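So this block is model-v1.cif, mmCIF, N, CA, C and O atoms:
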data_final
#
loop_
_atom_site.label_atom_id
_atom_site.label_comp_id
_atom_site.auth_asym_id
_atom_site.auth_seq_id
_atom_site.Cartn_x
_atom_site.Cartn_y
_atom_site.Cartn_z
N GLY A 1 -80.15 19.06 23.89
CA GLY A 1 -79.67 19.72 25.09
C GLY A 1 -78.25 19.28 25.44
O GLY A 1 -77.40 19.17 24.56
N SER A 2 -78.05 19.02 26.72
CA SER A 2 -76.74 18.59 27.20
C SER A 2 -76.76 17.08 27.45
O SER A 2 -77.31 16.61 28.44
N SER A 3 -76.14 16.35 26.53
CA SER A 3 -76.07 14.91 26.63
C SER A 3 -75.06 14.51 27.71
O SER A 3 -73.88 14.84 27.62
N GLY A 4 -75.56 13.80 28.71
CA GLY A 4 -74.72 13.35 29.81
C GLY A 4 -74.79 14.32 30.99
O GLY A 4 -73.81 14.98 31.32
N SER A 5 -75.97 14.37 31.60
CA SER A 5 -76.19 15.25 32.73
C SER A 5 -75.51 14.67 33.98
O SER A 5 -74.77 15.36 34.67
N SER A 6 -75.79 13.40 34.23
CA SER A 6 -75.22 12.71 35.38
C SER A 6 -75.49 13.52 36.65
O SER A 6 -74.59 14.17 37.17
N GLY A 7 -76.73 13.45 37.11
CA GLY A 7 -77.13 14.16 38.31
C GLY A 7 -78.15 15.25 37.99
O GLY A 7 -77.78 16.34 37.56
N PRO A 8 -79.44 14.91 38.21
CA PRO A 8 -80.52 15.85 37.95
C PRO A 8 -80.58 16.94 39.03
O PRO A 8 -81.42 16.88 39.92
N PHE A 9 -79.67 17.89 38.91
CA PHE A 9 -79.61 18.99 39.87
C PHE A 9 -79.42 20.33 39.16
O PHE A 9 -80.15 21.28 39.41
N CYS A 10 -78.42 20.36 38.28
CA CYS A 10 -78.13 21.57 37.53
C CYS A 10 -77.57 22.61 38.50
O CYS A 10 -78.33 23.26 39.23
N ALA A 11 -76.26 22.75 38.49
CA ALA A 11 -75.59 23.70 39.36
C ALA A 11 -75.45 25.04 38.63
O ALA A 11 -75.31 25.08 37.41
N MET A 12 -75.50 26.11 39.41
CA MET A 12 -75.38 27.45 38.85
C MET A 12 -75.34 28.50 39.96
O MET A 12 -76.22 28.53 40.83
N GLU A 13 -74.32 29.35 39.90
CA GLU A 13 -74.16 30.40 40.89
C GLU A 13 -75.05 31.60 40.53
O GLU A 13 -75.79 32.09 41.38
N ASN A 14 -74.93 32.03 39.29
CA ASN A 14 -75.71 33.16 38.81
C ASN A 14 -77.14 32.70 38.51
O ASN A 14 -77.34 31.60 37.99
N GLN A 15 -78.09 33.56 38.85
CA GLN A 15 -79.49 33.26 38.62
C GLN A 15 -79.68 32.67 37.22
O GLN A 15 -78.82 32.81 36.35
N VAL A 16 -80.82 32.02 37.03
CA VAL A 16 -81.14 31.40 35.76
C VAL A 16 -81.23 32.49 34.68
O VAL A 16 -81.23 33.68 35.00
N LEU A 17 -81.31 32.04 33.44
CA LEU A 17 -81.40 32.97 32.32
C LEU A 17 -82.76 32.81 31.65
O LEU A 17 -83.33 31.71 31.62
N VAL A 18 -83.26 33.92 31.12
CA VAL A 18 -84.55 33.91 30.45
C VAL A 18 -84.40 34.55 29.06
O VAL A 18 -84.19 35.76 28.95
N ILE A 19 -84.52 33.71 28.04
CA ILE A 19 -84.40 34.18 26.67
C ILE A 19 -85.79 34.47 26.11
O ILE A 19 -86.69 33.63 26.21
N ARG A 20 -85.93 35.65 25.54
CA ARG A 20 -87.20 36.06 24.97
C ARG A 20 -87.12 36.07 23.44
O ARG A 20 -86.56 36.99 22.85
N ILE A 21 -87.68 35.03 22.85
CA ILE A 21 -87.68 34.90 21.40
C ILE A 21 -88.79 35.77 20.81
O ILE A 21 -89.97 35.56 21.09
N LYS A 22 -88.38 36.73 20.00
CA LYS A 22 -89.32 37.64 19.37
C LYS A 22 -90.14 36.87 18.33
O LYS A 22 -89.64 36.53 17.26
N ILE A 23 -91.40 36.61 18.68
CA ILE A 23 -92.29 35.89 17.79
C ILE A 23 -92.91 36.87 16.79
O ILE A 23 -93.25 38.00 17.15
N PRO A 24 -93.05 36.39 15.53
CA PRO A 24 -93.62 37.21 14.48
C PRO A 24 -95.14 37.32 14.63
O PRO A 24 -95.85 36.33 14.50
N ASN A 25 -95.58 38.54 14.91
CA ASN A 25 -97.00 38.79 15.08
C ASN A 25 -97.60 37.71 15.99
O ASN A 25 -98.52 37.00 15.60
N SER A 26 -97.06 37.64 17.20
CA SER A 26 -97.52 36.66 18.17
C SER A 26 -96.76 36.83 19.49
O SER A 26 -96.46 35.85 20.16
N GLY A 27 -96.47 38.08 19.81
CA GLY A 27 -95.75 38.39 21.03
C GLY A 27 -94.36 37.75 21.03
O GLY A 27 -93.67 37.77 20.01
N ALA A 28 -94.00 37.19 22.18
CA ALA A 28 -92.71 36.54 22.32
C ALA A 28 -92.80 35.45 23.39
O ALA A 28 -93.58 35.57 24.33
N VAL A 29 -91.99 34.42 23.22
CA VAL A 29 -91.97 33.31 24.16
C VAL A 29 -90.69 33.38 24.99
O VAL A 29 -89.64 33.77 24.49
N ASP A 30 -90.82 33.00 26.25
CA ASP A 30 -89.68 33.01 27.16
C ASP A 30 -89.20 31.57 27.38
O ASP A 30 -89.95 30.73 27.87
N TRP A 31 -87.95 31.34 27.01
CA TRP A 31 -87.36 30.02 27.17
C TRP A 31 -86.63 29.98 28.52
O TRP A 31 -85.54 30.53 28.65
N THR A 32 -87.27 29.33 29.48
CA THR A 32 -86.70 29.22 30.81
C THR A 32 -85.36 28.48 30.75
O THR A 32 -85.33 27.25 30.68
N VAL A 33 -84.29 29.26 30.79
CA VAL A 33 -82.95 28.70 30.75
C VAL A 33 -82.32 28.78 32.14
O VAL A 33 -82.28 29.85 32.74
N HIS A 34 -81.86 27.63 32.61
CA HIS A 34 -81.23 27.56 33.92
C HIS A 34 -79.71 27.57 33.76
O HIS A 34 -79.00 28.11 34.61
N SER A 35 -79.25 26.98 32.67
CA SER A 35 -77.83 26.92 32.39
C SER A 35 -77.40 28.12 31.55
O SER A 35 -76.76 27.97 30.52
N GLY A 36 -77.79 29.30 32.03
CA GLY A 36 -77.46 30.53 31.34
C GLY A 36 -76.02 30.49 30.80
O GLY A 36 -75.79 30.75 29.62
N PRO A 37 -75.08 30.15 31.71
CA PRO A 37 -73.67 30.07 31.34
C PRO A 37 -73.39 28.81 30.53
O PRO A 37 -72.72 28.86 29.50
N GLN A 38 -73.93 27.69 31.01
CA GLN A 38 -73.74 26.42 30.34
C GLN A 38 -74.73 26.28 29.18
O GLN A 38 -75.45 25.29 29.09
N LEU A 39 -74.73 27.29 28.32
CA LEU A 39 -75.62 27.29 27.17
C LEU A 39 -74.78 27.33 25.89
O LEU A 39 -73.76 28.01 25.83
N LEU A 40 -75.25 26.58 24.90
CA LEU A 40 -74.56 26.52 23.62
C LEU A 40 -75.45 27.13 22.54
O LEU A 40 -76.65 27.30 22.73
N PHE A 41 -74.82 27.45 21.41
CA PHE A 41 -75.54 28.04 20.30
C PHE A 41 -76.62 27.09 19.78
O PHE A 41 -77.78 27.49 19.63
N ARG A 42 -76.21 25.86 19.52
CA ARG A 42 -77.13 24.86 19.02
C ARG A 42 -78.36 24.77 19.92
O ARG A 42 -79.49 24.79 19.44
N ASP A 43 -78.10 24.67 21.22
CA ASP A 43 -79.17 24.57 22.19
C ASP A 43 -80.27 25.57 21.83
O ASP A 43 -81.45 25.21 21.78
N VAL A 44 -79.85 26.81 21.60
CA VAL A 44 -80.79 27.86 21.24
C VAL A 44 -81.58 27.44 20.01
O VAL A 44 -82.81 27.50 20.01
N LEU A 45 -80.85 27.01 18.99
CA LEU A 45 -81.48 26.58 17.75
C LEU A 45 -82.35 25.35 18.03
O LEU A 45 -83.37 25.15 17.37
N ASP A 46 -81.91 24.56 19.00
CA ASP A 46 -82.64 23.36 19.37
C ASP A 46 -83.96 23.75 20.03
O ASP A 46 -84.95 23.02 19.92
N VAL A 47 -83.94 24.90 20.69
CA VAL A 47 -85.13 25.40 21.36
C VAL A 47 -86.01 26.15 20.35
O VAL A 47 -87.16 25.79 20.14
N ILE A 48 -85.42 27.18 19.76
CA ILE A 48 -86.13 27.98 18.78
C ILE A 48 -86.89 27.06 17.83
O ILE A 48 -88.04 27.33 17.48
N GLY A 49 -86.22 25.98 17.43
CA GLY A 49 -86.82 25.02 16.52
C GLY A 49 -88.23 24.63 16.99
O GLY A 49 -89.09 24.30 16.17
N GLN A 50 -88.42 24.68 18.30
CA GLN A 50 -89.71 24.34 18.88
C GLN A 50 -90.63 25.56 18.88
O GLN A 50 -91.85 25.41 18.89
N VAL A 51 -90.01 26.73 18.87
CA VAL A 51 -90.77 27.97 18.87
C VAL A 51 -91.23 28.28 17.44
O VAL A 51 -92.41 28.55 17.21
N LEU A 52 -90.28 28.22 16.52
CA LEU A 52 -90.57 28.49 15.13
C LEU A 52 -90.22 27.26 14.29
O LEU A 52 -89.18 27.24 13.62
N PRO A 53 -91.12 26.24 14.35
CA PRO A 53 -90.91 25.01 13.60
C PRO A 53 -91.19 25.22 12.11
O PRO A 53 -90.72 24.46 11.28
N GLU A 54 -91.96 26.26 11.83
CA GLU A 54 -92.31 26.58 10.45
C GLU A 54 -91.45 27.73 9.94
O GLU A 54 -91.65 28.22 8.83
N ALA A 55 -90.49 28.13 10.77
CA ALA A 55 -89.59 29.21 10.41
C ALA A 55 -88.20 28.92 10.97
O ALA A 55 -87.98 29.03 12.18
N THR A 56 -87.30 28.55 10.08
CA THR A 56 -85.93 28.25 10.47
C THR A 56 -85.33 29.41 11.25
O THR A 56 -85.94 30.47 11.36
N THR A 57 -84.14 29.18 11.77
CA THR A 57 -83.44 30.20 12.54
C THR A 57 -81.93 30.09 12.32
O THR A 57 -81.34 30.92 11.62
N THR A 58 -81.34 29.07 12.93
CA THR A 58 -79.91 28.85 12.81
C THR A 58 -79.14 29.86 13.68
O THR A 58 -78.34 29.47 14.52
N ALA A 59 -79.41 31.13 13.43
CA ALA A 59 -78.76 32.19 14.17
C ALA A 59 -79.81 33.16 14.71
O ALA A 59 -80.98 33.07 14.34
N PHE A 60 -79.36 34.05 15.59
CA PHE A 60 -80.25 35.02 16.19
C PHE A 60 -79.50 36.31 16.53
O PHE A 60 -78.27 36.33 16.56
N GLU A 61 -80.28 37.36 16.79
CA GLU A 61 -79.70 38.65 17.13
C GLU A 61 -80.16 39.08 18.52
O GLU A 61 -81.20 38.64 19.00
N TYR A 62 -79.37 39.95 19.13
CA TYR A 62 -79.68 40.45 20.46
C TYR A 62 -79.16 41.88 20.64
O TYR A 62 -77.99 42.15 20.40
N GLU A 63 -80.06 42.76 21.06
CA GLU A 63 -79.71 44.15 21.28
C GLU A 63 -78.60 44.25 22.33
O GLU A 63 -78.67 43.61 23.38
N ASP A 64 -77.61 45.07 22.01
CA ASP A 64 -76.48 45.27 22.91
C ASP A 64 -76.71 46.55 23.72
O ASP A 64 -77.84 46.95 23.95
N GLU A 65 -75.60 47.16 24.13
CA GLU A 65 -75.66 48.38 24.90
C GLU A 65 -76.14 49.54 24.03
O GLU A 65 -76.90 50.39 24.48
N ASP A 66 -75.68 49.54 22.78
CA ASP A 66 -76.05 50.58 21.84
C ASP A 66 -77.23 50.09 20.99
O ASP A 66 -77.49 50.62 19.92
N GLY A 67 -77.90 49.07 21.50
CA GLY A 67 -79.04 48.50 20.80
C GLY A 67 -78.81 48.49 19.29
O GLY A 67 -79.60 49.05 18.53
N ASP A 68 -77.72 47.84 18.90
CA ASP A 68 -77.37 47.75 17.49
C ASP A 68 -77.74 46.36 16.97
O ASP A 68 -77.49 46.04 15.81
N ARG A 69 -78.34 45.57 17.85
CA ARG A 69 -78.75 44.22 17.49
C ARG A 69 -77.56 43.44 16.94
O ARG A 69 -77.18 43.59 15.78
N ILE A 70 -76.99 42.60 17.81
CA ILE A 70 -75.85 41.79 17.42
C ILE A 70 -76.35 40.53 16.70
O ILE A 70 -77.55 40.31 16.59
N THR A 71 -75.39 39.74 16.23
CA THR A 71 -75.71 38.51 15.53
C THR A 71 -74.87 37.35 16.06
O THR A 71 -73.66 37.49 16.23
N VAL A 72 -75.55 36.24 16.32
CA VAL A 72 -74.87 35.06 16.83
C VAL A 72 -74.96 33.94 15.79
O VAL A 72 -76.01 33.34 15.60
N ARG A 73 -73.82 33.69 15.15
CA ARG A 73 -73.75 32.65 14.13
C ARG A 73 -72.74 31.58 14.54
O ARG A 73 -72.49 30.64 13.79
N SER A 74 -72.18 31.76 15.73
CA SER A 74 -71.20 30.82 16.24
C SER A 74 -71.15 30.90 17.77
O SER A 74 -71.29 31.98 18.34
N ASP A 75 -70.93 29.75 18.38
CA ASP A 75 -70.86 29.68 19.83
C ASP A 75 -70.06 30.87 20.36
O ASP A 75 -70.32 31.36 21.46
N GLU A 76 -69.11 31.31 19.55
CA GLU A 76 -68.27 32.44 19.92
C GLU A 76 -69.14 33.66 20.24
O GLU A 76 -69.01 34.25 21.31
N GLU A 77 -70.00 34.00 19.29
CA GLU A 77 -70.89 35.13 19.46
C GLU A 77 -71.78 34.93 20.68
O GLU A 77 -72.05 35.87 21.43
N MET A 78 -72.23 33.69 20.85
CA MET A 78 -73.10 33.35 21.96
C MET A 78 -72.48 33.81 23.29
O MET A 78 -73.01 34.71 23.94
N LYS A 79 -71.38 33.18 23.65
CA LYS A 79 -70.69 33.51 24.88
C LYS A 79 -70.61 35.03 25.02
O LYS A 79 -70.61 35.56 26.13
N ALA A 80 -70.54 35.70 23.88
CA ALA A 80 -70.46 37.15 23.86
C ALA A 80 -71.80 37.73 24.30
O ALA A 80 -71.86 38.52 25.24
N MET A 81 -72.85 37.32 23.60
CA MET A 81 -74.19 37.80 23.90
C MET A 81 -74.51 37.62 25.39
O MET A 81 -75.11 38.50 26.01
N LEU A 82 -74.09 36.48 25.92
CA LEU A 82 -74.32 36.18 27.32
C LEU A 82 -73.39 37.03 28.19
O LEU A 82 -73.73 37.37 29.32
N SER A 83 -72.23 37.34 27.62
CA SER A 83 -71.25 38.15 28.33
C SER A 83 -71.78 39.57 28.52
O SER A 83 -71.37 40.27 29.44
N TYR A 84 -72.70 39.95 27.64
CA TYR A 84 -73.29 41.28 27.71
C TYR A 84 -74.51 41.28 28.63
O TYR A 84 -74.62 42.14 29.51
N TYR A 85 -75.40 40.32 28.40
CA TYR A 85 -76.60 40.21 29.20
C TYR A 85 -76.28 40.28 30.69
O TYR A 85 -76.95 41.00 31.44
N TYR A 86 -75.26 39.53 31.08
CA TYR A 86 -74.84 39.50 32.47
C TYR A 86 -74.14 40.80 32.86
O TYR A 86 -74.26 41.26 34.00
N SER A 87 -73.42 41.36 31.90
CA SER A 87 -72.70 42.60 32.13
C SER A 87 -73.69 43.76 32.26
O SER A 87 -73.40 44.76 32.92
N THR A 88 -74.83 43.60 31.62
CA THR A 88 -75.86 44.62 31.65
C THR A 88 -76.90 44.31 32.73
O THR A 88 -77.34 45.20 33.45
N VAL A 89 -77.25 43.03 32.81
CA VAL A 89 -78.22 42.58 33.79
C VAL A 89 -77.79 43.05 35.18
O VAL A 89 -78.55 43.71 35.89
N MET A 90 -76.56 42.68 35.54
CA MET A 90 -76.02 43.05 36.83
C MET A 90 -76.10 44.56 37.05
O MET A 90 -76.18 45.03 38.19
N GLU A 91 -76.08 45.29 35.94
CA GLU A 91 -76.15 46.74 36.00
C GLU A 91 -77.59 47.19 36.24
O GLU A 91 -77.83 48.23 36.86
N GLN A 92 -78.52 46.39 35.74
CA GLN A 92 -79.94 46.70 35.89
C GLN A 92 -80.37 46.47 37.34
O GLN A 92 -81.39 47.01 37.78
N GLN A 93 -79.59 45.66 38.04
CA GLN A 93 -79.88 45.36 39.43
C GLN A 93 -79.32 46.44 40.35
O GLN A 93 -80.01 46.93 41.24
N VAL A 94 -78.07 46.80 40.09
CA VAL A 94 -77.40 47.82 40.89
C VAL A 94 -78.16 49.14 40.73
O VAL A 94 -78.15 49.97 41.64
N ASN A 95 -78.79 49.30 39.58
CA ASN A 95 -79.54 50.51 39.30
C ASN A 95 -80.85 50.48 40.09
O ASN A 95 -81.10 51.36 40.91
N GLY A 96 -81.65 49.46 39.80
CA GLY A 96 -82.93 49.31 40.47
C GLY A 96 -83.95 48.62 39.56
O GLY A 96 -84.53 47.60 39.94
N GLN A 97 -84.13 49.19 38.38
CA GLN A 97 -85.07 48.65 37.42
C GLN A 97 -84.98 47.12 37.40
O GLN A 97 -83.93 46.55 37.71
N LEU A 98 -86.09 46.50 37.03
CA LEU A 98 -86.15 45.04 36.97
C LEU A 98 -85.32 44.56 35.78
O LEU A 98 -85.11 45.29 34.82
N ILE A 99 -84.86 43.32 35.89
CA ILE A 99 -84.06 42.72 34.83
C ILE A 99 -84.97 42.37 33.65
O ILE A 99 -86.13 42.01 33.84
N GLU A 100 -84.40 42.48 32.46
CA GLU A 100 -85.14 42.17 31.24
C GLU A 100 -84.65 40.85 30.64
O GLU A 100 -83.50 40.46 30.84
N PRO A 101 -85.58 40.18 29.91
CA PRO A 101 -85.26 38.91 29.27
C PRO A 101 -84.38 39.12 28.04
O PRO A 101 -84.55 40.10 27.31
N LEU A 102 -83.46 38.19 27.85
CA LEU A 102 -82.55 38.26 26.71
C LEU A 102 -83.36 38.28 25.42
O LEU A 102 -83.59 37.24 24.81
N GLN A 103 -83.77 39.48 25.03
CA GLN A 103 -84.55 39.65 23.82
C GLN A 103 -83.74 39.22 22.60
O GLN A 103 -82.83 39.94 22.17
N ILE A 104 -84.09 38.06 22.07
CA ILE A 104 -83.40 37.53 20.91
C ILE A 104 -84.39 37.38 19.75
O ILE A 104 -85.60 37.28 19.98
N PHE A 105 -83.85 37.37 18.54
CA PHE A 105 -84.67 37.23 17.36
C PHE A 105 -84.20 36.07 16.49
O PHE A 105 -83.02 36.00 16.13
N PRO A 106 -85.16 35.16 16.16
CA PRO A 106 -84.85 34.00 15.34
C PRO A 106 -84.68 34.40 13.88
O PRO A 106 -85.66 34.52 13.15
N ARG A 107 -83.43 34.59 13.49
CA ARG A 107 -83.12 34.97 12.12
C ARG A 107 -83.72 33.96 11.14
O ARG A 107 -83.07 32.99 10.77
N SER A 108 -84.96 34.23 10.75
CA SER A 108 -85.65 33.36 9.82
C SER A 108 -85.48 33.87 8.39
O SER A 108 -85.70 35.05 8.11
N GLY A 109 -85.08 32.96 7.51
CA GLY A 109 -84.87 33.30 6.12
C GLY A 109 -85.73 32.43 5.20
O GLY A 109 -86.44 31.54 5.67
N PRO A 110 -85.65 32.74 3.88
CA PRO A 110 -86.42 31.99 2.89
C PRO A 110 -85.81 30.61 2.65
O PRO A 110 -86.48 29.60 2.82
N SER A 111 -84.55 30.62 2.26
CA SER A 111 -83.84 29.38 1.99
C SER A 111 -83.82 28.50 3.24
O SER A 111 -83.98 29.01 4.36
N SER A 112 -83.64 27.21 3.02
CA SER A 112 -83.60 26.26 4.12
C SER A 112 -83.40 24.84 3.58
O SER A 112 -84.36 24.09 3.45
N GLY A 113 -82.15 24.53 3.29
CA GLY A 113 -81.81 23.21 2.77
C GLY A 113 -81.37 22.27 3.89
O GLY A 113 -80.29 21.68 3.83
#
Take the structure in this file and express it as structure tokens.
Amino acid sequence: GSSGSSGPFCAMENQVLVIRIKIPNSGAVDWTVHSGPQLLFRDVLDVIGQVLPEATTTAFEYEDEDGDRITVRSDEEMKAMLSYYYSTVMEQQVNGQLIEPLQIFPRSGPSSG
């Protein structure tokens, strides 16, 4: 996680984040994320690792506006994925419909050295 919290409070203006890891033939798990903004790529992998311990991940995908399923292989992509969720989430609120969980998929592959 975040080494060096210094103060068990966790500040955040925007509501917490909820990541929905698409589980293989087992529904999906919701990773209660409070540091939606203060989230790193590794963190995700650090979490997923607990979700799919028998199935590596490293990276993950997330449906965008055109539901083209993006790919996050670098913190860069992450900030992006989050940049969309919030850009869309806020839109889901102004509209009315309830907000949806950041539907992500643990890119599990065969290789794993």
Using all atoms listed in the file, determine which residues lie at most 8 Å from region 64-67 of chain A, disregarding the query and same-chain residues fewer than 2 positions distant; provide the list as a VMD selection string.
-> chain A and resid 61 to 62 69 to 70 81 84 to 85 88 103
Please evaluate the PyMOL selection byres (((chain A and resi 52 and name CA) around 12) and name CA) against the displayed coordinates and give the resulting residues as a list in words.
-> residues 21, 22, 23, 24, 26, 28, 29, 44, 45, 46, 47, 48, 49, 50, 51, 53, 54, 55, 56, 57, 58, 105, 106, 107, 108 and 109 of chain A
How would you write, as a PyMOL selection string, the set of residues in region 37-90 of chain A that DSSP gives as helix (DSSP H, G or I)?
-> chain A and resi 41-51+75-90
For N, CA, C and O atoms, I'd like the residues from the last selection saved as a short mmCIF file (atom, residue, chain, number, x, y, z; two decimals), in the frame of the given file.
data_model
loop_
_atom_site.label_atom_id
_atom_site.label_comp_id
_atom_site.auth_asym_id
_atom_site.auth_seq_id
_atom_site.Cartn_x
_atom_site.Cartn_y
_atom_site.Cartn_z
N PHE A 41 -74.82 27.45 21.41
CA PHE A 41 -75.54 28.04 20.30
C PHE A 41 -76.62 27.09 19.78
O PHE A 41 -77.78 27.49 19.63
N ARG A 42 -76.21 25.86 19.52
CA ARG A 42 -77.13 24.86 19.02
C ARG A 42 -78.36 24.77 19.92
O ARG A 42 -79.49 24.79 19.44
N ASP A 43 -78.10 24.67 21.22
CA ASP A 43 -79.17 24.57 22.19
C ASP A 43 -80.27 25.57 21.83
O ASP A 43 -81.45 25.21 21.78
N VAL A 44 -79.85 26.81 21.60
CA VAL A 44 -80.79 27.86 21.24
C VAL A 44 -81.58 27.44 20.01
O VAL A 44 -82.81 27.50 20.01
N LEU A 45 -80.85 27.01 18.99
CA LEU A 45 -81.48 26.58 17.75
C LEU A 45 -82.35 25.35 18.03
O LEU A 45 -83.37 25.15 17.37
N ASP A 46 -81.91 24.56 19.00
CA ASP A 46 -82.64 23.36 19.37
C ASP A 46 -83.96 23.75 20.03
O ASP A 46 -84.95 23.02 19.92
N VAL A 47 -83.94 24.90 20.69
CA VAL A 47 -85.13 25.40 21.36
C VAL A 47 -86.01 26.15 20.35
O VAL A 47 -87.16 25.79 20.14
N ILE A 48 -85.42 27.18 19.76
CA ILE A 48 -86.13 27.98 18.78
C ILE A 48 -86.89 27.06 17.83
O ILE A 48 -88.04 27.33 17.48
N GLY A 49 -86.22 25.98 17.43
CA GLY A 49 -86.82 25.02 16.52
C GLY A 49 -88.23 24.63 16.99
O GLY A 49 -89.09 24.30 16.17
N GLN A 50 -88.42 24.68 18.30
CA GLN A 50 -89.71 24.34 18.88
C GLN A 50 -90.63 25.56 18.88
O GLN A 50 -91.85 25.41 18.89
N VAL A 51 -90.01 26.73 18.87
CA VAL A 51 -90.77 27.97 18.87
C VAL A 51 -91.23 28.28 17.44
O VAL A 51 -92.41 28.55 17.21
N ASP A 75 -70.93 29.75 18.38
CA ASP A 75 -70.86 29.68 19.83
C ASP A 75 -70.06 30.87 20.36
O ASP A 75 -70.32 31.36 21.46
N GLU A 76 -69.11 31.31 19.55
CA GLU A 76 -68.27 32.44 19.92
C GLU A 76 -69.14 33.66 20.24
O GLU A 76 -69.01 34.25 21.31
N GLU A 77 -70.00 34.00 19.29
CA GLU A 77 -70.89 35.13 19.46
C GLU A 77 -71.78 34.93 20.68
O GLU A 77 -72.05 35.87 21.43
N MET A 78 -72.23 33.69 20.85
CA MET A 78 -73.10 33.35 21.96
C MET A 78 -72.48 33.81 23.29
O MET A 78 -73.01 34.71 23.94
N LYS A 79 -71.38 33.18 23.65
CA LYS A 79 -70.69 33.51 24.88
C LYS A 79 -70.61 35.03 25.02
O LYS A 79 -70.61 35.56 26.13
N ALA A 80 -70.54 35.70 23.88
CA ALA A 80 -70.46 37.15 23.86
C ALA A 80 -71.80 37.73 24.30
O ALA A 80 -71.86 38.52 25.24
N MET A 81 -72.85 37.32 23.60
CA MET A 81 -74.19 37.80 23.90
C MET A 81 -74.51 37.62 25.39
O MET A 81 -75.11 38.50 26.01
N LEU A 82 -74.09 36.48 25.92
CA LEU A 82 -74.32 36.18 27.32
C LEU A 82 -73.39 37.03 28.19
O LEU A 82 -73.73 37.37 29.32
N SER A 83 -72.23 37.34 27.62
CA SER A 83 -71.25 38.15 28.33
C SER A 83 -71.78 39.57 28.52
O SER A 83 -71.37 40.27 29.44
N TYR A 84 -72.70 39.95 27.64
CA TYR A 84 -73.29 41.28 27.71
C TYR A 84 -74.51 41.28 28.63
O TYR A 84 -74.62 42.14 29.51
N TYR A 85 -75.40 40.32 28.40
CA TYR A 85 -76.60 40.21 29.20
C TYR A 85 -76.28 40.28 30.69
O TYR A 85 -76.95 41.00 31.44
N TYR A 86 -75.26 39.53 31.08
CA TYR A 86 -74.84 39.50 32.47
C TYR A 86 -74.14 40.80 32.86
O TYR A 86 -74.26 41.26 34.00
N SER A 87 -73.42 41.36 31.90
CA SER A 87 -72.70 42.60 32.13
C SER A 87 -73.69 43.76 32.26
O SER A 87 -73.40 44.76 32.92
N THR A 88 -74.83 43.60 31.62
CA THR A 88 -75.86 44.62 31.65
C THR A 88 -76.90 44.31 32.73
O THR A 88 -77.34 45.20 33.45
N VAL A 89 -77.25 43.03 32.81
CA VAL A 89 -78.22 42.58 33.79
C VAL A 89 -77.79 43.05 35.18
O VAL A 89 -78.55 43.71 35.89
N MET A 90 -76.56 42.68 35.54
CA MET A 90 -76.02 43.05 36.83
C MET A 90 -76.10 44.56 37.05
O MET A 90 -76.18 45.03 38.19
#
To one decimal in Å, tell me the separation between atom C of residue 79 (chain A) and atom O of residue 25 (chain A).
->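 Rounded to one decimal, the two atoms are 29.5 Å apart.
Note that the spacing between CA of residue 32 (chain A) and CA of residue 20 (chain A) amounts to 9.0 Å.
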What lies within 7 Å of residue 35 (chain A) using all atoms listed in the file, ignoring chain neighbours under 3 positions off, as JSON, numbers by chain?
-> {"A": [11, 12, 15, 16, 17, 32, 38, 39, 40]}
Would you list the contacts of residue 74 (chain A) as number ranges by chain, taking every protein, DNA or RNA residue within 8 Å and counting all atoms listed in the file, but skipping same-chain residues closer than 2 positions in sequence?
-> A: 40-42, 58-60, 71-72, 76-81
What are the DSSP strand (DSSP E) residues of chain A, as number ranges by chain?
-> A: 17-22, 28-33, 60-62, 70-72, 102-106
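Pairwise distance (CA of residue 113 (chain A), CA of residue 73 (chain A)) equals 16.8 Å.
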Which polymer residues have any atom within 6 Å of an atom of residue 99 (chain A), counting only N, CA, C and O atoms, with same-chain residues fewer than 3 positions away left out, as an mmCIF file with N, CA, C and O atoms, in the coordinates of the input?
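Done, and the output landed in around-v6.cif:
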data_model
loop_
_atom_site.group_PDB
_atom_site.id
_atom_site.type_symbol
_atom_site.label_atom_id
_atom_site.label_comp_id
_atom_site.auth_asym_id
_atom_site.auth_seq_id
_atom_site.Cartn_x
_atom_site.Cartn_y
_atom_site.Cartn_z
ATOM 1 N N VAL A 89 -77.250 43.030 32.810
ATOM 2 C CA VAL A 89 -78.220 42.580 33.790
ATOM 3 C C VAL A 89 -77.790 43.050 35.180
ATOM 4 O O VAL A 89 -78.550 43.710 35.890
ATOM 5 N N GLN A 92 -78.520 46.390 35.740
ATOM 6 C CA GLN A 92 -79.940 46.700 35.890
ATOM 7 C C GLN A 92 -80.370 46.470 37.340
ATOM 8 O O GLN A 92 -81.390 47.010 37.780
ATOM 9 N N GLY A 96 -81.650 49.460 39.800
ATOM 10 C CA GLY A 96 -82.930 49.310 40.470
ATOM 11 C C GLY A 96 -83.950 48.620 39.560
ATOM 12 O O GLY A 96 -84.530 47.600 39.940
#
Shortest contact to residue 31 (chain A), candidates A:97, A:102, A:86, A:112, atoms counted all atoms listed in the file, goes to A:102
For each of A:34, A:2, A:19, A:87, take the minimum atom-to-atom distance to residue 101 (chain A), counting only C-alpha atoms, then give the residue where this is smallest.
->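 Looking only at the distances to residue 101 (chain A), the closest residue turns out to be A:19.
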